[PDB]
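Report on the structure
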Protein chains: 2
Amino acid sequence: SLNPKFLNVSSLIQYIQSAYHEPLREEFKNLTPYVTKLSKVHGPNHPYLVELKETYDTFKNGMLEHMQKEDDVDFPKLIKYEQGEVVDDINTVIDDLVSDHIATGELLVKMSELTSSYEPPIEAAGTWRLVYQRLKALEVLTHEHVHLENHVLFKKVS
Amino acid sequence: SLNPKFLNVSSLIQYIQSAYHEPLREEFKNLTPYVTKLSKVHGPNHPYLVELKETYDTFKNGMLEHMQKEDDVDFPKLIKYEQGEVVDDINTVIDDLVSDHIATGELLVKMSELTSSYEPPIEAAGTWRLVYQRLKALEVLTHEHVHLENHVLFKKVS
Ligand SMILES: [Fe+3]
Ligand SMILES: [Fe+3]
Ligand SMILES: [Fe+3]
Ligand SMILES: [Fe+3]
Ligand SMILES: [O]
Ligand SMILES: [Zn+2]
């Protein structure tokens with residue numbers, strides 16, 4: 001059980017990528033077909049499952065583009081700033097990054113509302129219950145991720 | 001709390017250095033005079049105290065040179081190996097580094113045995129109680145330090 005205090009910016013970014021980015025990206029690939037099946041089968045008579053599908057999709061692609069910007073563009077800046085080099089939009093960067101976290105957040109709220117905190121109705125079975133199950137764990141994984149970035153990584157630079 | 005398995009060999013090595021190596025060095029600066037003093041004072045009265053001074057000093061000079069071996073020659077050889085460059089001598093390193101861990105190992109046992117189990121007599125006061133506390137302190141940081149290397153960093157490359 002590491003103390004993050006002792007991880008520098010470059011290594012903490014690494015941990016965030018191995019523990020959160022790469023695990024999230026993979027799950028978004030495995031879950032997505034289940035989430036679309038649930039909406040195609042039981043959406044016809046449960047419309048909220050389609051709102052769930054549509055919301056999950058938006059949260060999903062929101063994450064994936066966001067991470068790409070962090071990995072390929074914005075974490076490199078967070079490093080070179082703490083590596084001394086002049087990065088004059090460091091405050092801009094960090095601001096857009098929380099704008100993104102906030103927004104993905106109120107999206108996770110929406111999914112948690114629609115599912116009633118991921119408790120299936122009894123008349124759910126099979127896919128329906130797995131979808132809820134995995135989303136709940138994804139909601140948890142996403143909160144940890146962003147809390148680590150927000151309250152650890154973004155404070156080492158500012 | 002953070003999971004060390006997700007760090008790669010180079011991020012983990014940085015962690016070892018900040019969290020363990022640089023602390024241990026700085027503590028050896030601070031604690032060494034007290035050991036010598038407690039040995040000088042109540043050491044005649046009780047000789048096992050000077051057995052302790054000489055045992056601690058051996059474990060000190062040991063750790064110190066062994067961490068410089070890792071910092072200057074062997075944590076490089078491990079990074080360059082994880083990075084894909086051709087490092088033979090790799091298991092020769094991993095095997096000497098545990099040769100030195102197993103060493104500090106049975107040595108820390110003896111310091112602990114010498115000093116009841118870091119239990120100070122009823123005669124002890126001031127100097128004598130600080131040293132035992134700071135040693136049992138130091139004794140546990142080394143367990144963490146050499147358990148991290150042994151079962152994470154070394155099992156990463158192996
Ligand atoms: Fe991220
Ligand atoms: Fe993020
Ligand atoms: Fe070490
Ligand atoms: Fe070591
Ligand atoms: O993220
Ligand atoms: Zn797109």
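Rules used in this analysis
Residues numbered from 1 in each chain as written, not as in the entry; some residues may be left out. Chains lettered and ligands numbered in written order. Heavy atoms only, no water. Residues with missing side-chain atoms left out of burial classes, pairs and counts. Contact = heavy atoms within 4.5 Å. Buried area = accessible area lost by both parts, 1.4 Å probe. Polar contact = N/O pair within 3.5 Å; in protein donor to acceptor, adjacent residues only side chain to side chain. Helix = DSSP H or I, 4+ residues; strand = E, 2+ residues; numbered from the N terminus. Nonpolar A, V, L, I, M, F, W, Y, C, P; charged D, E, K, R; others polar. Donors = N, O, S within 2.8 Å, 3.2 Å for Na, K, Ca; no water. Tetrahedral: all angles 85-135°; square planar, octahedral: opposite > 155°, others 65-115°. Buried < 20%, exposed > 50% of the residue type's maximum accessible area, 1.4 Å probe, protein only. Expected span 1.5 Å × (residues − 1). Core = buried A, V, L, I, M, F, W, Y, C linked by side-chain atoms within 4.5 Å. Salt bridge = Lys/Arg side-chain N within 4 Å of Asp/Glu carboxyl O. Axes fitted to C-alpha atoms, helices over the stretch in contact; angles between N-to-C directions. Parallel < 35°, antiparallel > 145°, perpendicular 65-115°, else oblique. Left-handed = near helix turned anticlockwise from the far one by under 90°.

The deposited coordinates, according to the entry record, derive from X-ray crystallography at 3.50 Å resolution.

1. A closer look at the interface of chain A and chain B
Taken together, the contacts link 13 residues of chain A with 12 residues of chain B. In this assembly, chain A packs against chain B so that about 1,300 Å² is buried in total across both faces, 64% of it on carbon and sulfur atoms. For the chain A face of the interface with chain B, the top three residues by lost area are A:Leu2, A:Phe6 and A:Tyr15, together amounting to 49%. Counting every contact that joins chain A to chain B gives nine residue pairs in polar contact. For the side of chain A that touches chain B, the element with the most residues is helix α1 (residues 9-42) of chain A, which contributes five residues. Per-class residue counts for the side of chain A that touches chain B are seven nonpolar, six polar and no charged.

2. A word on the coordination of the iron ion (ligand 4)
Residues and elements named next belong to chain B. Listed as protein donors to the iron ion (ligand 4) are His-66 (NE2), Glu-70 (OE), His-101 (NE2) and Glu-149 (OE); their distances from the metal cover 2.3 to 2.4 Å. Here the iron ion (ligand 4) binds four donor atoms, and the angle range of 74 to 145° at the metal identifies the geometry as irregular. For the iron ion (ligand 4), the donor residues sit on a single chain with the sequence spacing H-x3-E-x30-H-x47-E. For the pair the iron ion (ligand 4) and the iron ion (ligand 3), the metal-to-metal distance amounts to 2.8 Å, and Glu-70 bridges them. Linking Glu-70 in helix α2 (residues 48-82) with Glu-149 in helix α4 (residues 127-157), this pair joins segments that are 79 residues apart in sequence. According to the relative accessible area criterion, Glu-149 is buried, its value standing at 0%.

3. Topic: the environment of B:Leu114
Residue and element names in this part refer to chain B. Relative to the helices and strands, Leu-114 resides in helix α3 (residues 90-114). Considered as a pair, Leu-114 and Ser-18 are 96 residues apart in the sequence and their alpha carbons are 30 Å apart. Excluding residues that lie within four positions of it along the chain, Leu-114 makes contacts with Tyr-48, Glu-51, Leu-52 and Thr-55.

4. Some details on the coordination of the iron ion (ligand 3)
Looking at the metal site, the iron ion (ligand 3) is ligated by B:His21 (NE2), B:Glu70 (OE), B:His145 (NE2) and B:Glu149 (OE), spaced 2.1 Å from it. The exposure class of B:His21 is buried, given its relative accessible area of 0%.

5. A look at the side chain of B:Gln14
You can see B:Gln14 is positioned in helix α1 (residues 9-45). A residue is classified by how much of its surface remains accessible, and B:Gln14, at 15% relative accessible area, is buried. Only 3.0 Å separates the side chain of B:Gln14 from the side chain of B:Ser18, close enough to count as a polar contact. Excluding its chain neighbours within four sequence positions, the residues that come into contact with B:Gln14 are A:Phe6, A:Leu7, A:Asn8 and A:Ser11.

6. Here's the deal with α3(B)
Owing to its 3.6 residues per turn, the α-helix brings residues three or four apart onto one side. All names here are of chain B. In this model, α3 (25 residues) spans 36 Å end to end at C-alpha, consistent with the 36 Å of a helix rising 1.5 Å per residue. Of the positions making up α3, those classed as buried are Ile-90, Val-93, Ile-94, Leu-97, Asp-100, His-101, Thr-104, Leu-108, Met-111, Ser-112 and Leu-114. Of the residues trailing α3, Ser-116 is marked for its positive phi of about 30°.

7. Some points on unusual backbone geometry
Despite not being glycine, A:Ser117 shows a phi value in the positive range, around 65°. Mapped onto the fold, A:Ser117 is located in the loop between α3 (90-114) and α4 (127-157).

8. What to know about the nonpolar core
Counting residues in hydrophobic clusters, the biggest one holds 41 residues, and the most contacted among them are A:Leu78, A:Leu148, A:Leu153, B:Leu12, B:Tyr15, B:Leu78 and B:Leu153. Listed by contribution, the elements that provide at least two residues to this core are α1, α2 (47-82), α3 and α4 of chain A together with α1, α2, α3 and α4 of chain B. With residues up to four places along the chain from it excluded, the contact list for A:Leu78 reads A:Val9, A:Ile13, A:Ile90, A:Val93, A:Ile94, A:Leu153, A:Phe154 and A:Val157.

9. Re the pattern of salt bridges
Per the stated rule, a full pass over the model turns up 18 salt bridges over all chains. Close ionic contact of B:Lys53 with B:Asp57 constitutes a salt bridge, the shortest N to O distance being 2.7 Å. A residue pair is termed a helical-turn pair when its members lie 3 or 4 positions apart in one helix, as B:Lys53 and B:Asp57 do in helix α2 at four residues. In this pair, the class of B:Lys53 matches that of B:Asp57, namely buried. Beyond isolated ion pairs, a larger network of salt bridges with shared partners links A:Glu51, A:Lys110 and A:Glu113.

10. Quick look at the packing of α2(A) against α3(A)
Residues and elements named next belong to chain A. Axis separation between α2 and α3 bottoms out at 10 Å; the angle between their running directions is 160°. Of the possible angle classes, the one that applies to α2 and α3 is roughly antiparallel. Read as a crossing pair, α2 and α3 show a hand that is left-handed.

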